[PDB]
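The next block holds one structure in the form of structure tokens; read it before the comments.
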Amino acid sequence: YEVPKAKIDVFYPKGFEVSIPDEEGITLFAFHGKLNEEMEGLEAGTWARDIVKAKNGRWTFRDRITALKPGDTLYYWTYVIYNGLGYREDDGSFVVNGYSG
Ligand SMILES: [Zn+2]
Ligand SMILES: [Zn+2]
Ligand SMILES: [Zn+2]
Ligand SMILES: [Zn+2]
């Protein structure tokens with residue numbers, strides 16, 4: 001199984017969203033992230049959230065408070081339970097280059 005690569009949308013003045021599409025057999029998505037500093041292994045990070053449920057065909061993490069700027073880098077890893085087994089998107093990095101809304 002391959003965890004879908006997370007889609008990251010950054011909002012102005014603040015907030016961001018991290019999501020993946022859902023499919024049969026996924027029962028959890030979790031996001032672990034840090035800003036402008038690498039994750040040290042599979043640590044919890046600054047943001048560590050298990051998304052409660054899929055909604056509208058996606059699993060979505062939403063931050064409403066953090067003001068990201070162009071050139072900021074989000075470092076992250078995600079976890080999915082697929083058919084009862086755990087899998088990750090490892091070594092995620094996203095450089096903010098622009099806003100979605
Ligand atoms: Zn892989
Ligand atoms: Zn289907
Ligand atoms: Zn740490
Ligand atoms: Zn976790």
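Residues are named by chain letter and number: chains run A, B, ... in the order of the structure tokens, numbers start at 1 in each chain, and ligands are numbered from 1 in the order shown.
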Could you report the residues within 9 Å of ligand 3, using only C-alpha atoms and all ligand atoms, as an mmCIF file with C-alpha atoms, in the first residue's frame?
data_model
loop_
_atom_site.group_PDB
_atom_site.id
_atom_site.type_symbol
_atom_site.label_atom_id
_atom_site.label_comp_id
_atom_site.auth_asym_id
_atom_site.auth_seq_id
_atom_site.Cartn_x
_atom_site.Cartn_y
_atom_site.Cartn_z
ATOM 1 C CA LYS A 34 6.677 21.178 12.189
ATOM 2 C CA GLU A 38 12.941 19.107 10.334
ATOM 3 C CA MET A 39 11.116 16.302 12.076
ATOM 4 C CA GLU A 40 13.427 14.144 14.130
ATOM 5 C CA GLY A 41 12.153 10.745 13.117
ATOM 6 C CA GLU A 43 8.061 12.300 16.616
ATOM 7 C CA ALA A 44 4.735 13.963 17.240
ATOM 8 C CA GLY A 45 5.888 17.431 16.170
ATOM 9 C CA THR A 46 4.244 20.800 16.683
#
**Q.** Neighbour list for residue 70 in chain A as a PyMOL selection string, cut-off 7 Å, only C-alpha atoms, skip fewer than 2 positions in-chain
**A.** chain A and resi 68+72+96-98
Q | Residues within 12 Å of residue 95 in chain A, only C-alpha atoms, excluding chain neighbours under 2 positions, as JSON, numbers by chain | A | {"A": [8, 9, 10, 35, 36, 37, 68, 69, 70, 71, 72, 73, 74, 75, 76, 92, 93, 97, 98, 99]}
Please list as an mmCIF file with N, CA and C atoms, in the first residue's frame every residue within 10 Å of residue 1 in chain A, counting only C-alpha atoms and excluding residues in the same chain fewer than 4 positions away.
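Saved result, result-v3.cif, follows:
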data_model
loop_
_atom_site.group_PDB
_atom_site.id
_atom_site.type_symbol
_atom_site.label_atom_id
_atom_site.label_comp_id
_atom_site.auth_asym_id
_atom_site.auth_seq_id
_atom_site.Cartn_x
_atom_site.Cartn_y
_atom_site.Cartn_z
ATOM 1 N N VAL A 80 -1.629 6.364 7.969
ATOM 2 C CA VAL A 80 -2.891 5.831 7.543
ATOM 3 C C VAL A 80 -3.031 4.405 8.069
ATOM 4 N N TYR A 82 -4.836 1.224 6.964
ATOM 5 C CA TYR A 82 -5.453 0.687 5.766
ATOM 6 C C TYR A 82 -5.632 -0.813 5.970
ATOM 7 N N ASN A 83 -6.885 -1.263 5.894
ATOM 8 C CA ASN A 83 -7.225 -2.667 6.201
ATOM 9 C C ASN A 83 -6.591 -3.117 7.542
ATOM 10 N N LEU A 85 -3.846 -2.182 9.046
ATOM 11 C CA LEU A 85 -2.407 -2.068 9.131
ATOM 12 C C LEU A 85 -1.969 -0.626 8.932
ATOM 13 N N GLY A 86 -0.854 -0.257 9.542
ATOM 14 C CA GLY A 86 -0.357 1.107 9.488
ATOM 15 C C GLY A 86 0.671 1.326 8.389
ATOM 16 N N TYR A 87 0.537 2.471 7.723
ATOM 17 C CA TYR A 87 1.462 2.928 6.713
ATOM 18 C C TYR A 87 1.674 4.422 6.773
ATOM 19 N N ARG A 88 2.821 4.907 6.294
ATOM 20 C CA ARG A 88 3.149 6.323 6.375
ATOM 21 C C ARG A 88 3.528 6.977 5.056
#
Q: Give the residues close to ligand 2, within 12 Å, counting only C-alpha atoms and all ligand atoms; write them as a ChimeraX atom specification.
A: /A:21-26,57
Q) In Å, with one decimal, what is the gap from CA of residue 90 in chain A to CA of residue 47 in chain A? A)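 CA of residue 47 in chain A lies at a distance of 15.4 Å from CA of residue 90 in chain A.
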Q.
Nearest residue to residue 101 in chain A out of A:11, A:48, A:20, A:64, using only C-alpha atoms?
A.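 Among A:11, A:48, A:20, A:64, it is A:11 that comes nearest to residue 101 in chain A.
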Q: Rounded to one decimal place, report the CA of residue 81 in chain A-CA of residue 27 in chain A distance in Å.
A: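 About the pair CA of residue 81 in chain A and CA of residue 27 in chain A: they are 5.6 Å apart.
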Q. Using only C-alpha atoms and all ligand atoms, which protein or nucleic acid residues are at most 8 Å from ligand 1, as a PyMOL selection string?
A. chain A and resi 1-3+89
Q. Just how far from CA of residue 61 in chain A is CA of residue 13 in chain A, in Å to one decimal?
A.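 It comes out at 17.7 Å.
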Check which residues of chain A sit at most 7 Å from ligand 4 using only C-alpha atoms and all ligand atoms, and return one row each with the closest pair of atoms and their distance in Å to one decimal, ordered by chain and rising number, as JSON lines.
{"residue": "A:30", "atom": "CA", "partner": "ligand 4", "partner_atom_place_in_ligand_line": "1 (Zn)", "distance": 5.9}
{"residue": "A:31", "atom": "CA", "partner": "ligand 4", "partner_atom_place_in_ligand_line": "1 (Zn)", "distance": 7.0}
{"residue": "A:32", "atom": "CA", "partner": "ligand 4", "partner_atom_place_in_ligand_line": "1 (Zn)", "distance": 6.5}
{"residue": "A:44", "atom": "CA", "partner": "ligand 4", "partner_atom_place_in_ligand_line": "1 (Zn)", "distance": 5.9}
{"residue": "A:48", "atom": "CA", "partner": "ligand 4", "partner_atom_place_in_ligand_line": "1 (Zn)", "distance": 6.0}
{"residue": "A:49", "atom": "CA", "partner": "ligand 4", "partner_atom_place_in_ligand_line": "1 (Zn)", "distance": 6.7}
{"residue": "A:50", "atom": "CA", "partner": "ligand 4", "partner_atom_place_in_ligand_line": "1 (Zn)", "distance": 6.7}
{"residue": "A:79", "atom": "CA", "partner": "ligand 4", "partner_atom_place_in_ligand_line": "1 (Zn)", "distance": 6.9}
For the selection just defined, write its residues with C-alpha atoms to a file, as an mmCIF file, in the first residue's frame.
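For reference, out.cif as written:
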data_model
loop_
_atom_site.group_PDB
_atom_site.id
_atom_site.type_symbol
_atom_site.label_atom_id
_atom_site.label_comp_id
_atom_site.auth_asym_id
_atom_site.auth_seq_id
_atom_site.Cartn_x
_atom_site.Cartn_y
_atom_site.Cartn_z
ATOM 1 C CA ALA A 30 -3.000 11.414 11.077
ATOM 2 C CA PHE A 31 -0.827 14.450 10.388
ATOM 3 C CA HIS A 32 2.437 15.257 12.215
ATOM 4 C CA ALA A 44 4.735 13.963 17.240
ATOM 5 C CA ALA A 48 0.005 15.984 15.801
ATOM 6 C CA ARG A 49 -3.648 15.164 15.083
ATOM 7 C CA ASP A 50 -5.621 12.036 14.274
ATOM 8 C CA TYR A 79 -0.075 7.858 9.033
#
